[PDB]
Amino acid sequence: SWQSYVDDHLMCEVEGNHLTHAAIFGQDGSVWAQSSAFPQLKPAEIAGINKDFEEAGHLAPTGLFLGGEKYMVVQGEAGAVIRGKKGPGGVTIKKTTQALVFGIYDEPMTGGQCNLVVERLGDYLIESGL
């Protein structure tokens, strides 16, 4: 179940903290499963997401946009991870073979605890073909 992947493995608490929002998108833009309040993502936002996984740095100018709200781009894993920052929160976008794993965190959480749950689940999905 894609929903339990969101709830039990992207929204799991680590030291009392959990991601604000989490979602698993198919690379075709379609939501596979998301947290209740995950923002809706404009189709251009997912294109800019996808082209940045091709050759990084496409999103670094202009920044990374998700649901209209902008995140300033920060260092990632080229072709595997996109990371962004907005004040005391940010986002991790881990690309699997078929999907896009999203984690959005706020001020109690760290970028580190975000990359933990996001890139974890992602790396596991790649190993099972997803």
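Residue indices: 1-based, along the sequence shown.
Two stretches are in play, 58-66 and 80-88, and the higher mean C-alpha B-factor belongs to 58-66. Per the PDB record, of the two stretches 26-34 and 48-56, 48-56 carries the greater mean B-factor over its C-alpha atoms. When the C-alpha B-factors of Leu41, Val73, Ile104, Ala99 are read from the PDB record, the largest value belongs to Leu41. For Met109, the recorded CA B-factor ranks within the highest third of the chain. Only modelled residues enter the ranking. Placement of the Cα temperature factor of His18 within the chain: middle third of the modelled residues, per the deposited record.
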